[PDB]
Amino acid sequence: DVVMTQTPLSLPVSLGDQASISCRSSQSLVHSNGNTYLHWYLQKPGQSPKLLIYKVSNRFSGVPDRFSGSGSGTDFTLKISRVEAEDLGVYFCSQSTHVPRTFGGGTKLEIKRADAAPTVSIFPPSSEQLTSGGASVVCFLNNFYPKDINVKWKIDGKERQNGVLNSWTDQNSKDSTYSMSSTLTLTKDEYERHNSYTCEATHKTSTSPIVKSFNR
């Protein structure tokens, strides 16, 4: 069918600056009836897409003039004049000149903000889980920036590679920071053989690794 291409696939921009998302069609989007049906949607995590600009430059209801769409034939540009913290998400260009209607892959808007060291919290397994025979020890590394971080688990000084799960949230729209959780799962037996559990993170805002441990 007609293939839409978006440039770039990810775009880091400072609050207050302008952003330009490109979309290109394999074919001309000019319909025989004269119109060019190229649209732009903004999709926020866990949300259905919402239309920003239809037919190249017309704004949907309530959309601010920060957003402007332009282009012609096969070349189209979506511009945001004042990137705002809650503008982050994935921008899709779609076309309905040709059947079937098709969409681009999406461009992820990422906000560039100042460095922030993560806050680390470590939690011992609860009595209720220990009771069931399992033991997950958790570590939350909240509100940091940039997203590049390394987490390491240590049991009585010995590094633990296996049995650990990591999950990170996407950039937070409120403060443009990231978060992550690292969970080390053990049996109630393994957990009870050792004393101190350490959660250690290395981030560029540190130089010296952030450490948080509880002795049992």
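Start at 1 and count along the sequence shown; that's the residue number.
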Report the stretch with the higher mean CA temperature factor, choosing between 70 to 78 and 116 to 124 on the basis of the entry.
70 to 78
Once average C-alpha B-factors are taken from the entry for 171 to 179 and 51 to 59, the winner is 171 to 179
Would you mind checking which of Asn166, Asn150, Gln43, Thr36 has the top Cα temperature factor in the PDB entry?
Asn150
Comparing C-alpha B-factors across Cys93, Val138, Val90, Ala85 in this entry, the winner is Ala85
If you rank every modelled residue in this chain by C-alpha B factor, which third holds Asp65: lowest, middle or highest?
middle
Based on the entry's values, in what third of the chain does the Cα temperature factor of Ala19 lie: lowest, middle or highest?
highest
C-alpha B factor of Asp189, ranked within the chain: lowest, middle or highest third?
highest
Which third, lowest, middle or highest, does the C-alpha temperature factor of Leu9 belong to within its own chain?
highest
Going by the CA temperature factor in the PDB record, which third of the chain does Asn142 belong to: lowest, middle or highest?
lowest
